[PDB]
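What follows is one structure encoded as structure tokens, with my remarks underneath.
As a convention, Cβ positions derive from the backbone with ideal geometry for all residues, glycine included, and neighbour counts pool all protein chains shown. A short reminder: the numbers here are calculations on the coordinates, not readings from a lab.
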Amino acid sequence: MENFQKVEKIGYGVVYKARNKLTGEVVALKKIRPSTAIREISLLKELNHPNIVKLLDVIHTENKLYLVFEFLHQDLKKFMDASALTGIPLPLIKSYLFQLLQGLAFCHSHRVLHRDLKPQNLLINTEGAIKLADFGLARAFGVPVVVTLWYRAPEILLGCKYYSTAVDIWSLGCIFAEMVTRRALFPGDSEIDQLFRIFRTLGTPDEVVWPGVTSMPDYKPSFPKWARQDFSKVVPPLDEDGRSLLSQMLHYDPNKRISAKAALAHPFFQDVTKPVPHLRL
Ligand SMILES: O=C(O)c1cc(C(F)(F)F)ccc1N[C@@H]1CCc2[nH]c3ccccc3c2C1
Ligand SMILES: O=C(O)c1cc(C(F)(F)F)ccc1N[C@@H]1CCc2[nH]c3ccccc3c2C1
């Protein structure tokens with residue numbers, strides 16, 4: 001809108017870096033393309049957690065929904081790329097994982113799922129903080145509106161109609177692995193290639209490890225049966241505390257997969273700290 005100056009595209013819709021003409025505040029403006037939707041979204045303006053981006057305004061006008069967010073200068077994807085020749089230091093990996101779990105524990109405690117966690121638009125600042133952003137909430141609310149599948153939980157790929165909070169733990173597990181190894185864990189190019197990449201690493205799931213998998217909507221008895229690989233190939237040289245946590249985040253059965261609250265108690269975080277990243281802006 002004419003309410004904002006210096007509108008600069010930076011990435012459901014387009015996201016711009018903008019300056020509020022009145023206040024001089026620099027913000028992130030998402031342009032998308034419902035009474036319940038407006039009220040549900042607006043409830044989130046009043047919720048507050050250090051590891052979730054602040055939602056400042058909601059605006060339904062024209063055929064458009066604008067969401068105005070606090071502005072952070074970089075995301076985890078850019079930082080991962082910048083750090084690819086050296087790797088992110090393990091204390092900083094650990095701090096970011098811990099903070100992202102704190103943010104998820106909070107939104108799951110309010111019965112909200114992110115649904116589209118990925119390194120992109122996980123927002124970071126110079127103070128060491130990381131924040132959940134770019135939620136996949138339009139569909140879950142009454143909002144009428146190429147896809148990266150690398151972080152999608154297997155129950156989503158198998159057509160489950162009712163996601164649980166466990167889908168976000170899966171995605172975060174994939175991000176954790178990618179921070180450690182500097183390569184995407186499951187880089188699929190289609191829904192079935194995504195599924196089969198998971199199966200080739202973690203083994204084709206069956207009723208022993210995932211009760212009910214063979215009744216999922218898109219499950220096919222014709223799926224190839226791959227044996228589970230050596231887990232020590234997956235995230236070398238991560239230590240056994242880290243590998244243990246990761247394996248619990250990547251359990252096939254959503255009922256067995258670790259919760260955010262329980263993950264925070266895992267021994268991996270006993271020595272957690274909050275280091276300062278080296279950011280070039
Ligand atoms: O800051 C926010 O709130 C924000 C919100 C969302 C969403 F709306 F999707 F939630 C998406 C991205 C957001 N920020 C960008 C993160 C990554 C990045 N890289 C840059 C490189 C040059 C200049 C600016 C940038 C930015 C800013
Ligand atoms: O991130 C987006 O793009 C986004 C999009 C939509 C829409 F439905 F409109 F598409 C709605 C919300 C969105 N994000 C919120 C940012 C602030 C915040 N605080 C919370 C506190 C507890 C639980 C969840 C939250 C959220 C999520």
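So what's Rg/Rh here for the stretch 15-123, counting alpha carbon atoms and using the Kirkwood radius for Rh?
1.00
Let me know the shape class of the stretch 4-70, please: from the alpha-carbon gyration tensor, a ≥ b ≥ c as square roots of the eigenvalues, rounded when a/c is under 1.5, otherwise prolate if a/b is greater than b/c, or oblate.
Oblate shape, in that a/c is at least 1.5 and b/c is the bigger or equal ratio.
Using all C-alpha to C-alpha distances in the stretch 94-207, build P(r) with 5 Å bins and read off the rounded percent in each one.
Computed distribution, short to long bins: 2, 11, 20, 24, 20, 14, 7, 2, 0, 0.
Roughly speaking, what is the centre-to-centre gap between the stretch 119-134 and the stretch 240-281 when only Cα atoms are used, to the nearest Å?
The two parts, judged by their Cα centres, are 17 Å apart.
In what sequence do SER83, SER215 fall when counting other Cβ within 10 Å, fewest first?
Arranged by neighbour count, lowest to highest, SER83, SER215 become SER215, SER83.
Which of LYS77/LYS274; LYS78/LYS233; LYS131/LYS161; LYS30/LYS78; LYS45/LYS256 have a Cα-Cα distance over 22 Å?
The pairs that break the limit, which is 22 Å between Cα atoms, are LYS78/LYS233; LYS131/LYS161; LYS45/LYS256.
Per-residue ellipticity at 222 nm for the chain, helices alone: DSSP H runs ≥ 4 residues times -39500 (n - 2.57), over residue total, nearest 500 deg cm²/dmol?
Taking each H run of at least 4 residues, the total per residue is -9000 deg cm²/dmol.
Could you tell me the distance between the Cα centroids of the stretch 6-56 and the stretch 148-191, to the nearest Å?
26 Å
Kirkwood Rh, the chain, all Cα pairs: how many Å?
The answer is 20.0 Å.
Can you pull the Rg over Rh of the stretch 199-269, Cα-only, Kirkwood?
On the Cα set of the stretch 199-269, Rg over Rh gives 1.02.
In the stretch 46-76, which chymotrypsin sites (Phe, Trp or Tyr not before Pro) are in a loop and have at most 13 other Cβ atoms within 10 Å, using DSSP for the loop call?
Loop-located and lightly packed - none at all.
Less than 14 Å Cβ to Cβ from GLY188, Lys/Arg counted +1 and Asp/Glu -1: what total charge do the surrounding residues give?
+1
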